[PDB]
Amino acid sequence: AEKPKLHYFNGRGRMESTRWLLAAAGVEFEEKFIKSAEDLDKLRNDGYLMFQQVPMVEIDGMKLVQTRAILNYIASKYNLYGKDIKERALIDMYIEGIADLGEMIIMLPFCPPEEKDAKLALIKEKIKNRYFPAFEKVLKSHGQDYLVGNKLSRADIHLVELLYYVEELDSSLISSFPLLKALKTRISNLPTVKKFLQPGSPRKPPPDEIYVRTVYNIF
């Protein structure tokens, strides 16, 4: 078999978590960037997209769509999904909270400018009161260097990803949560993640104005 092939726009969006997880697992992938509406419609009409939507990853003979199908498979494959049914329950419970928060961040740049002050402030509120307290509590309780099973899981990789986006948004939000600060540091220093955080990697930048309207020219 070949290297996993990521089909998306050249930008973060719904593919970035998969990029983080593959790189976290030491897997070399390639990207075929959708540059235009035509690029997408070609994928659609060639029957590559089960639901007419990207992200799409060609991996192990399959054309997998839907971000969570993609991510589960990778996590399962590279032993990043715990060791039994209960660890998975915990892992799922966590990564789904992270995906609800991350969903608001991914959408933020698209809602109209008059609603931005309000939608951001509600994210900061939920970060401060809901999600970060949630995850600090987990770390405080068992005292261990990883969210689940006392070893690296996709939850870890998904949270740390989200802590870089929360840093980009407001660097003080994490200030009251020392366990999340240390988590970020340890995970960022894992040889595979460290290489992914360095310049030149497939890691994608935040959305700028160009990114938004380029996105509108493809959706």
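Numbering starts at 1 and runs along the sequence shown.
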Going by the entry, of stretches 126-134 and 111-119 the one with greater average Cα B-factor is 111-119
204-212 set against 7-15, stretch whose average Cα temperature factor tops the other in the entry = 204-212
Ranked by Cα temperature factor within the chain, is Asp60 in the lowest third, the middle third or the highest third?
-> lowest
Give the position of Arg68 by CA B-factor within its chain, expressed as the lowest, middle or highest third.
-> lowest
Relative C-alpha B-factor of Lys86, binned into the chain's lowest, middle or highest third | highest
Ranked by Cα temperature factor within the chain, is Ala155 in the lowest third, the middle third or the highest third?
-> lowest
Comparing against every modelled residue in the chain, figure out the third that the C-alpha B-factor of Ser36 lands in (lowest, middle or highest).
-> highest
